[PDB]
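First to last, the protein sequences are chains A and B.
Residue numbers for the first sequence follow the entry's author numbering, beginning at 2 and rising by one.
Residue numbers for the second sequence follow the entry's author numbering, beginning at 2 and rising by one.
Here the structure is laid out as structure tokens; the discussion comes afterwards.
There are 2 protein chains.
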Amino acid sequence: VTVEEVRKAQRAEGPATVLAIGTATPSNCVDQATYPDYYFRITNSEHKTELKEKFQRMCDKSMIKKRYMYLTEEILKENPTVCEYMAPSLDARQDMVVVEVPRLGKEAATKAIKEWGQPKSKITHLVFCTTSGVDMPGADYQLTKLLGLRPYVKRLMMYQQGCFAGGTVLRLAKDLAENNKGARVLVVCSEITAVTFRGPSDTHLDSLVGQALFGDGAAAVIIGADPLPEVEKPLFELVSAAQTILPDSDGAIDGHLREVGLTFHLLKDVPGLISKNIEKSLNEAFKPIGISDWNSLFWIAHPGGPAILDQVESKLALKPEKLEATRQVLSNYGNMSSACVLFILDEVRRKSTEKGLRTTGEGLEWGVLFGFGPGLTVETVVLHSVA
Amino acid sequence: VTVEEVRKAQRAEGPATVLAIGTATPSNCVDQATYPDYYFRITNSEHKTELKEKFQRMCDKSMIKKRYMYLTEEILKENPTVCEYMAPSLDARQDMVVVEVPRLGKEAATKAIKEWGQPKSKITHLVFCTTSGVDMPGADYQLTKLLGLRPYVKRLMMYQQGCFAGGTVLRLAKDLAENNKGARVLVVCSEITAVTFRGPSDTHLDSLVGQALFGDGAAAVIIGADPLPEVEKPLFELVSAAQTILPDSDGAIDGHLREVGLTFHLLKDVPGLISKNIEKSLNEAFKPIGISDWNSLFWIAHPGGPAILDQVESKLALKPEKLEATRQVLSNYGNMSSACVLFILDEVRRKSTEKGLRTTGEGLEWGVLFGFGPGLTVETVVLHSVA
Numbered sequence: 002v003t004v005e006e007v008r009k010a011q012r013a014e015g016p017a018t019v020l021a022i023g024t025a026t027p028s029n030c031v032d033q034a035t036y037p038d039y040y041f042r043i044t045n046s047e048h049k050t051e052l053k054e055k056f057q058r059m060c061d062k063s064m065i066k067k068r069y070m071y072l073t074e075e076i077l078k079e080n081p082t083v084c085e086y087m088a089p090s091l092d093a094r095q096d097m098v099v100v101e102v103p104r105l106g107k108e109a110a111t112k113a114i115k116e117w118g119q120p121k122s123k124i125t126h127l128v129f130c131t132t133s134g135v136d137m138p139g140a141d142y143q144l145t146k147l148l149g150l151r152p153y154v155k156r157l158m159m160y161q162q163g164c165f166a167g168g169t170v171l172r173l174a175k176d177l178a179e180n181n182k183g184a185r186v187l188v189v190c191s192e193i194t195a196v197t198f199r200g201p202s203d204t205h206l207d208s209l210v211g212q213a214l215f216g217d218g219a220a221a222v223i224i225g226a227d228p229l230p231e232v233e234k235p236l237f238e239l240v241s242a243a244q245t246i247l248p249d250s251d252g253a254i255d256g257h258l259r260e261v262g263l264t265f266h267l268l269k270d271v272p273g274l275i276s277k278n279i280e281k282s283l284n285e286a287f288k289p290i291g292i293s294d295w296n297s298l299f300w301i302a303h304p305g306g307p308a309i310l311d312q313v314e315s316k317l318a319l320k321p322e323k324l325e326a327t328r329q330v331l332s333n334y335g336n337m338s339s340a341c342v343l344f345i346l347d348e349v350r351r352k353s354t355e356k357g358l359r360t361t362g363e364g365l366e367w368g369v370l371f372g373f374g375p376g377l378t379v380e381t382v383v384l385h386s387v388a
Numbered sequence: 002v003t004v005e006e007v008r009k010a011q012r013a014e015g016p017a018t019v020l021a022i023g024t025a026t027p028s029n030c031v032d033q034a035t036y037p038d039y040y041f042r043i044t045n046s047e048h049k050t051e052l053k054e055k056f057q058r059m060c061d062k063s064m065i066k067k068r069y070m071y072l073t074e075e076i077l078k079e080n081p082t083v084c085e086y087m088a089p090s091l092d093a094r095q096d097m098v099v100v101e102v103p104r105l106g107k108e109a110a111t112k113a114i115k116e117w118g119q120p121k122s123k124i125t126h127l128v129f130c131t132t133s134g135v136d137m138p139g140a141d142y143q144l145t146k147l148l149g150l151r152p153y154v155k156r157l158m159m160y161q162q163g164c165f166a167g168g169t170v171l172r173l174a175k176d177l178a179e180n181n182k183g184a185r186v187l188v189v190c191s192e193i194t195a196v197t198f199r200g201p202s203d204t205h206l207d208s209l210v211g212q213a214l215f216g217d218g219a220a221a222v223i224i225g226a227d228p229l230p231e232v233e234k235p236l237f238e239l240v241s242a243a244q245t246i247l248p249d250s251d252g253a254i255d256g257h258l259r260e261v262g263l264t265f266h267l268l269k270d271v272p273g274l275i276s277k278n279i280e281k282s283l284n285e286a287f288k289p290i291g292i293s294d295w296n297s298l299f300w301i302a303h304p305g306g307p308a309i310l311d312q313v314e315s316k317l318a319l320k321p322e323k324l325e326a327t328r329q330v331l332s333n334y335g336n337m338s339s340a341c342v343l344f345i346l347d348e349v350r351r352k353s354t355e356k357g358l359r360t361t362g363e364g365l366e367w368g369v370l371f372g373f374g375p376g377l378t379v380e381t382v383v384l385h386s387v388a
């Protein structure tokens, strides 16, 4: 037998297809309205009255109503170094997220697999993504053990990538599914802010921004090409996937894993940089297939913060309806990093089904999924809806 | 315009092909024969006679002649916490490797690209792998920046996987190259032991094994499908790629990133586990091809330790010269983790040319590449040589 013959028999035929979506969050629901009172109490910072006033404004303008957090008051009372702005606490943080990340990931994966309707032994690939903690063997191994997947599942562990990774994992699963016949890829993004939670500082307001925006959550997706008729139910098709680094964006967002845990730094105008350059990525993606009206697409954008959405909306003159699904998730979950865009994808097909629309993409044919993160990196995924 | 139409024009035709191999190490060469004297001196443990005696026997049995290490005596003098067995030192270690890992990686990448002969702007994908530190943005961004790759290069950052990742990155690049027409993938593995280096402890001899085996190094590979005639020169073909977790190997190899840096643990007979199970991976991979004689293959195996090679050799009854290239790399470089098999792959084709053999695979047609690591995980890649 020749290599050319193996290649022919080994590869799939059709486009990568989203076959199921499942989501999960911690049980502790934290409402944004009174978070500043709670936050400044548990971090023993109630004497910092002016800084609390600043934080109240941050939360009021975050356009977040609630978040879900693994960290509770009880847990934080047992981990006082985590409550400090900067105290040695990495070990404490790691002990938490090394367990919680794959645990929450399992919940999302179970729901996705349940929707899927196929035996979990049919899962051939696993892409696990997180920005919360690192370990060897990784969370991918732990999840495989918790779920009881086949030991010969082909795993890819994606650590410490940040907010754009939601697009990255789809970009990955696409090539895995399309290049391997019978391949069914379980994608899981799980994020826990226990690694980034910390007390307030008067001279580090960019770190406070994180405390106002980031929430916990996990999302899982099954992806495969050549869907089995009747048995499997396509939701979306992955058409193409691009990644790029924005011009003049060096050091805009930095995150370092230190003895004090994961630190968060903002140096440049992230909303300005994204809105200034995003149309270039839209052109690159959609010019080949003859689309120039961005309002004719159904949208999924990472809600890093409300300012990104507002300025992208303004720059492109998007109708308010376009980013409704995005803003809805931001409102009800906050910024769950890499998992966000998968929650939003789930929201789009939900509202489409509920409204009884022509397609899973709000009745539209083509869509776009955006991830934004450190780099500054922009992930662009072209989507097609299903009837 | 249809999705099906896009897919047909989007994919590549032929098998993923290795077009170039480049390697690099720190300039500081460390002699293994006298390493026990040096190591126990620089870690202020000269008074630990019995332990030093044990370490001398470890080093003598390691079958390593020398290693290359970024860590010099000068650097260790300025970072005393790194010399201790367990002292807070992660920040010091991170400051080192966040820079060195992409620096050494670029050195290897430049060599590969030079052999390749094409413009670096023809690189469409970057797979970067390392077990040495984490940062946001990651080493993949830094490499893209330093090397001057196009901003829209599609990056995959693989952190904290360990020794089996040498096979993982090939499995990855295989799908990226074969599913995307014109795709050319730069794969880079870069490993720096500055994260794991620590002083000796009476009651943690498994950690001491690491100090005897692990060395620094980086390897880079250009991978693509549909090689251009004349201008590009194929070296190997990637036929298939598998991954699996061995039975009853739970917790055989653990690695934890903590405030003392990266720790290393052994709990089970790793050589025994691999040797006992490796033939299952061989059959699973080669029964389809119609091969059952493992001596008809050319071999690349991760030299985790000499014991693994010796027990695999006897278990399969391999002719002694089958693991010649593997042992040669172990002797000259030690265990460079994920980069090892790429050094060995380079050794095989150089050695074959030097012998004037009919193929790049020691004059043979089919070959196998193994990675072993935390899981206990095994990666298996079927290779085909080039005339």
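Yeah, the Cβ is synthetic: ideal placement off N, Cα and C, and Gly gets one too.
Item	Value
Min CB distance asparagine 336 (chain A) to chain B below 7 Å	no
Any 3 or more C-beta pairs closer than 8 Å across the segment 172-187 of chain B and the segment 295-310 of chain B	no
7 Å Cβ cutoff, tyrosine 153 (chain B) in contact with chain A	yes
Any chain B beta carbon closer than 7 Å to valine 135 (chain A)	yes
Proximity to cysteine 341 (chain A) [Cα-Cα], best of A:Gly168, A:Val379 and A:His266	A:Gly168
CB contact flag (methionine 59 (chain B), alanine 221 (chain B), <7 Å)	no
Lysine 67 (chain B) - DSSP class collapsed to helix/strand/coil	strand
Contact with chain B by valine 7 (chain A), beta-carbon distance below 7 Å	yes
Helix, strand or coil at residue 1 (chain B) [DSSP, three-state]	There is simply no residue 1 (chain B) to check, as chain B begins at 2 and stops at 388 in what is shown.
Among A:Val382, A:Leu263, A:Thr73 and A:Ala140, the one whose alpha carbon lies nearest that of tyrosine 86 (chain A)	A:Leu263
Residue range of the unbroken beta strand (DSSP E) whose run includes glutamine 244 (chain A)	237-246
Of the listed residues B:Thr44, B:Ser353 and B:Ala286, nearest to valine 240 (chain B) (C-alpha basis)	B:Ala286
Delimiting residues of the beta strand (DSSP E) encompassing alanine 220 (chain A)	218-225
Amino acids of chain A, ordered along the chain, whose beta-carbon sits closer than 7 Å to that of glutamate 280 (chain B)	Within 7 Å Cβ-Cβ: nothing; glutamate 280 (chain B) doesn't reach chain A, min ~15 Å.
Rounded straight-line distance, which links the Cα of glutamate 348 (chain A) to that of residue 1 (chain A)	Any answer about residue 1 (chain A) is impossible in this case: the structure gives chain A only from 2 up to 388.
Per-residue burial, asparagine 284 (chain B) [other beta carbons within 10 Å of its own, 16 or more giving buried]	exposed
Under the three-state DSSP convention, the category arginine 12 (chain A) falls into	coil
Backbone CA spacing between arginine 259 (chain A) and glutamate 260 (chain B) [nearest angstrom]	8 Å
Residue closest to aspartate 217 (chain B), alpha-carbon to alpha-carbon, out of B:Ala10, B:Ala25 and B:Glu6	B:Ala25
Selection of the segment 177-197 of chain A by Cβ proximity to chain B, strictly under 8 Å	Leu177, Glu179, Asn180 and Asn181
Cβ-based neighbour list, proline 248 (chain B), same chain, cut-off 8 Å, excluding 5 preceding and 5 following	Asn278
Buried or exposed by the 16-neighbour rule on C-beta atoms within 10 Å, applied to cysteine 30 (chain A)	exposed
The segment 195-208 of chain B contacting the segment 192-201 of chain A, beta-carbon criterion three pairs below 8 Å	no
Closest Cα partner of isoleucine 223 (chain A) within the set A:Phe215, A:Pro230 and A:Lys234	A:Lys234
Closest by C-alpha distance to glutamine 162 (chain B), when choosing among B:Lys107, B:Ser386 and B:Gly372	B:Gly372
Nearest neighbour of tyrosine 39 (chain A), chosen from A:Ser28, A:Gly23 and A:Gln57 [CA to CA]	A:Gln57
In DSSP terms, what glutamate 192 (chain B) is bridged to	B:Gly218
Cβ shell of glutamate 179 (chain A) (< 7 Å), same chain only, five flanking positions each side left out	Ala13, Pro16, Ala17 and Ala226
Where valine 2 (chain B) falls, given that 16 or more other Cβ within 10 Å makes a residue buried	exposed
Residue span of the alpha helix (DSSP H) that contains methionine 97 (chain B), given as start and end	91-117
Cβ contact check for the segment 105-125 of chain A and the segment 141-161 of chain A: 3 or more pairs under 8 Å	yes
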